[PDB]
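Quick look at input_21.pdb (PDB, C-alpha atoms):
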```pdb
ATOM      1  CA  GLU A   1     106.318 118.611 129.466  1.00  0.00           C
ATOM      2  CA  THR A   2     107.851 115.151 129.385  1.00  0.00           C
ATOM      3  CA  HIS A   3     109.164 112.590 126.926  1.00  0.00           C
ATOM      4  CA  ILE A   4     106.663 109.751 126.852  1.00  0.00           C
ATOM      5  CA  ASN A   5     104.755 107.590 124.397  1.00  0.00           C
ATOM      6  CA  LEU A   6     101.265 108.233 123.083  1.00  0.00           C
ATOM      7  CA  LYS A   7      98.576 105.731 122.168  1.00  0.00           C
ATOM      8  CA  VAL A   8      95.279 106.716 120.593  1.00  0.00           C
ATOM      9  CA  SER A   9      92.546 104.097 120.515  1.00  0.00           C
ATOM     10  CA  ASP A  10      89.256 104.254 118.651  1.00  0.00           C
ATOM     11  CA  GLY A  11      86.643 102.073 116.995  1.00  0.00           C
ATOM     12  CA  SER A  12      88.986 101.121 114.179  1.00  0.00           C
ATOM     13  CA  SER A  13      91.421 103.988 114.598  1.00  0.00           C
ATOM     14  CA  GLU A  14      94.374 102.750 116.616  1.00  0.00           C
ATOM     15  CA  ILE A  15      97.766 104.415 116.381  1.00  0.00           C
ATOM     16  CA  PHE A  16     100.790 104.145 118.641  1.00  0.00           C
ATOM     17  CA  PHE A  17     103.850 106.372 118.598  1.00  0.00           C
ATOM     18  CA  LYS A  18     106.328 108.099 120.878  1.00  0.00           C
ATOM     19  CA  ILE A  19     106.196 111.832 121.491  1.00  0.00           C
ATOM     20  CA  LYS A  20     108.295 114.335 123.402  1.00  0.00           C
ATOM     21  CA  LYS A  21     105.362 115.482 125.501  1.00  0.00           C
ATOM     22  CA  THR A  22     102.992 113.819 127.939  1.00  0.00           C
ATOM     23  CA  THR A  23     100.227 116.346 127.397  1.00  0.00           C
ATOM     24  CA  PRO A  24      97.727 113.886 125.909  1.00  0.00           C
ATOM     25  CA  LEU A  25      94.752 116.214 125.670  1.00  0.00           C
ATOM     26  CA  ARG A  26      96.826 118.348 123.330  1.00  0.00           C
ATOM     27  CA  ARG A  27      98.535 115.287 121.903  1.00  0.00           C
ATOM     28  CA  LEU A  28      95.612 113.074 120.960  1.00  0.00           C
ATOM     29  CA  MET A  29      93.993 116.327 119.900  1.00  0.00           C
ATOM     30  CA  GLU A  30      96.135 116.093 116.787  1.00  0.00           C
ATOM     31  CA  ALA A  31      97.484 112.558 116.903  1.00  0.00           C
ATOM     32  CA  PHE A  32      94.052 110.959 116.941  1.00  0.00           C
ATOM     33  CA  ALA A  33      92.851 113.636 114.550  1.00  0.00           C
ATOM     34  CA  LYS A  34      95.850 112.585 112.492  1.00  0.00           C
ATOM     35  CA  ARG A  35      94.659 109.004 112.196  1.00  0.00           C
ATOM     36  CA  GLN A  36      90.898 109.181 112.582  1.00  0.00           C
ATOM     37  CA  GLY A  37      90.548 112.926 112.156  1.00  0.00           C
ATOM     38  CA  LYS A  38      91.142 112.067 108.518  1.00  0.00           C
ATOM     39  CA  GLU A  39      87.555 110.861 108.421  1.00  0.00           C
ATOM     40  CA  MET A  40      86.503 113.564 110.852  1.00  0.00           C
ATOM     41  CA  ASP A  41      83.561 111.246 111.401  1.00  0.00           C
ATOM     42  CA  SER A  42      84.507 110.709 115.027  1.00  0.00           C
ATOM     43  CA  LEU A  43      84.309 113.551 117.520  1.00  0.00           C
ATOM     44  CA  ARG A  44      83.883 111.552 120.705  1.00  0.00           C
ATOM     45  CA  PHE A  45      86.698 112.251 123.138  1.00  0.00           C
ATOM     46  CA  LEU A  46      86.559 109.911 126.109  1.00  0.00           C
ATOM     47  CA  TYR A  47      88.550 107.272 127.952  1.00  0.00           C
ATOM     48  CA  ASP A  48      85.998 104.709 129.070  1.00  0.00           C
ATOM     49  CA  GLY A  49      82.464 105.976 128.592  1.00  0.00           C
ATOM     50  CA  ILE A  50      82.105 109.320 130.330  1.00  0.00           C
ATOM     51  CA  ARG A  51      84.031 111.767 128.179  1.00  0.00           C
ATOM     52  CA  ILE A  52      87.065 111.089 130.339  1.00  0.00           C
ATOM     53  CA  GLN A  53      90.769 110.975 129.569  1.00  0.00           C
ATOM     54  CA  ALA A  54      94.036 109.557 130.850  1.00  0.00           C
ATOM     55  CA  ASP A  55      96.187 112.585 131.575  1.00  0.00           C
ATOM     56  CA  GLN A  56      93.995 115.285 130.082  1.00  0.00           C
ATOM     57  CA  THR A  57      95.024 117.265 133.140  1.00  0.00           C
ATOM     58  CA  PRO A  58      98.053 119.569 132.958  1.00  0.00           C
ATOM     59  CA  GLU A  59      98.680 118.690 136.586  1.00  0.00           C
ATOM     60  CA  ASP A  60      98.748 114.967 135.901  1.00  0.00           C
ATOM     61  CA  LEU A  61     100.987 114.975 132.850  1.00  0.00           C
ATOM     62  CA  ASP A  62     103.546 116.855 134.912  1.00  0.00           C
ATOM     63  CA  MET A  63     103.461 113.817 137.167  1.00  0.00           C
ATOM     64  CA  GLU A  64     102.246 110.749 135.315  1.00  0.00           C
ATOM     65  CA  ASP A  65     103.848 109.688 132.053  1.00  0.00           C
ATOM     66  CA  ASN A  66     101.532 107.820 129.712  1.00  0.00           C
ATOM     67  CA  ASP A  67      99.605 109.531 126.939  1.00  0.00           C
ATOM     68  CA  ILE A  68      96.642 107.368 126.008  1.00  0.00           C
ATOM     69  CA  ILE A  69      93.004 108.155 125.317  1.00  0.00           C
ATOM     70  CA  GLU A  70      90.021 106.943 123.328  1.00  0.00           C
ATOM     71  CA  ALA A  71      88.346 108.741 120.449  1.00  0.00           C
ATOM     72  CA  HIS A  72      84.853 107.416 119.840  1.00  0.00           C
ATOM     73  CA  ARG A  73      82.485 108.500 117.094  1.00  0.00           C
ATOM     74  CA  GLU A  74      79.812 111.150 117.498  1.00  0.00           C
ATOM     75  CA  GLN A  75      78.418 112.640 114.310  1.00  0.00           C
ATOM     76  CA  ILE A  76      74.775 112.173 113.395  1.00  0.00           C
TER      77      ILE A  76
END
```

Before anything else, please render the file you have as structure tokens.
Amino acid sequence: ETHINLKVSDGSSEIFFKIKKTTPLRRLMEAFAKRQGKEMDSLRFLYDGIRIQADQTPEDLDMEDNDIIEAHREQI
């Protein structure tokens, strides 16, 4: 899609790296799951507090250029 940087934020899981693709939804999908996913104890995908994202839209990534989302915890 586009060459931009990605930044996954979470409780204690915070990783920042550059990627050759804006698509965050797909990015964080692994990225975040690459840092926190290790514990697979967090399955809360949101941006603020309404299961939202930054550029989770394939129509936004094509435009905007900034992959960043939050991965909260959700496993009782």

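Nearest residue to residue 56 in chain A among A:44, A:73, A:26, A:20 is A:26, counting all atoms listed in the file.
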
### Task
Work out how far CA of residue 1 in chain A is from CA of residue 63 in chain A, in Å to one decimal.
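Here the two named atoms are 9.5 Å from each other.
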
### Query
For residue 35 in chain A, which residue among A:60, A:55, A:10, A:65 is the nearest when counting all atoms listed in the file?
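Ranked by minimum distance to residue 35 in chain A, first place goes to A:10.
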
### Message
Neighbouring residues of residue 43 in chain A were defined as those with any atom within 9 Å, considering only C-alpha atoms; residues of the same chain fewer than 3 positions away were excluded. Please report them as a list in words.
### Response
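Counting only C-alpha atoms, the residues come to residues 37, 40, 71, 72, 73, 74 and 75 of chain A.
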
Output check: residues returned by the PyMOL selection byres ((chain A and resi 61) around 12), as a PDB file with C-alpha atoms, keeping the file's coordinate frame:
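Written output follows (result-v3.pdb):
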```
ATOM      1  CA  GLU A   1     106.318 118.611 129.466  1.00  0.00           C
ATOM      2  CA  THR A   2     107.851 115.151 129.385  1.00  0.00           C
ATOM      3  CA  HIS A   3     109.164 112.590 126.926  1.00  0.00           C
ATOM      4  CA  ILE A   4     106.663 109.751 126.852  1.00  0.00           C
ATOM      5  CA  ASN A   5     104.755 107.590 124.397  1.00  0.00           C
ATOM      6  CA  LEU A   6     101.265 108.233 123.083  1.00  0.00           C
ATOM      7  CA  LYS A  20     108.295 114.335 123.402  1.00  0.00           C
ATOM      8  CA  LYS A  21     105.362 115.482 125.501  1.00  0.00           C
ATOM      9  CA  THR A  22     102.992 113.819 127.939  1.00  0.00           C
ATOM     10  CA  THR A  23     100.227 116.346 127.397  1.00  0.00           C
ATOM     11  CA  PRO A  24      97.727 113.886 125.909  1.00  0.00           C
ATOM     12  CA  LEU A  25      94.752 116.214 125.670  1.00  0.00           C
ATOM     13  CA  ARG A  26      96.826 118.348 123.330  1.00  0.00           C
ATOM     14  CA  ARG A  27      98.535 115.287 121.903  1.00  0.00           C
ATOM     15  CA  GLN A  53      90.769 110.975 129.569  1.00  0.00           C
ATOM     16  CA  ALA A  54      94.036 109.557 130.850  1.00  0.00           C
ATOM     17  CA  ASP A  55      96.187 112.585 131.575  1.00  0.00           C
ATOM     18  CA  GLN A  56      93.995 115.285 130.082  1.00  0.00           C
ATOM     19  CA  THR A  57      95.024 117.265 133.140  1.00  0.00           C
ATOM     20  CA  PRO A  58      98.053 119.569 132.958  1.00  0.00           C
ATOM     21  CA  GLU A  59      98.680 118.690 136.586  1.00  0.00           C
ATOM     22  CA  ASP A  60      98.748 114.967 135.901  1.00  0.00           C
ATOM     23  CA  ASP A  62     103.546 116.855 134.912  1.00  0.00           C
ATOM     24  CA  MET A  63     103.461 113.817 137.167  1.00  0.00           C
ATOM     25  CA  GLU A  64     102.246 110.749 135.315  1.00  0.00           C
ATOM     26  CA  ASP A  65     103.848 109.688 132.053  1.00  0.00           C
ATOM     27  CA  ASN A  66     101.532 107.820 129.712  1.00  0.00           C
ATOM     28  CA  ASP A  67      99.605 109.531 126.939  1.00  0.00           C
ATOM     29  CA  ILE A  68      96.642 107.368 126.008  1.00  0.00           C
TER      30      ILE A  68
END
```

### Message
Quick check, in Å to one decimal: how far apart do CA of residue 9 in chain A and CA of residue 29 in chain A lie?
### Response
12.3 Å

### Task
Calculate how many Å separate CA of residue 31 in chain A from CA of residue 11 in chain A, rounding to one decimal.
15.1 Å

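Among A:52, A:8, A:19, A:46, the residue with the shortest atom-to-atom distance to residue 33 in chain A, counting only C-alpha atoms, is A:8.
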
### Counting all atoms listed in the file, the residue of A:34, A:76, A:50, A:39 that sits nearest residue 17 in chain A
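Between A:34, A:76, A:50, A:39, the residue approaching residue 17 in chain A most closely is A:34.
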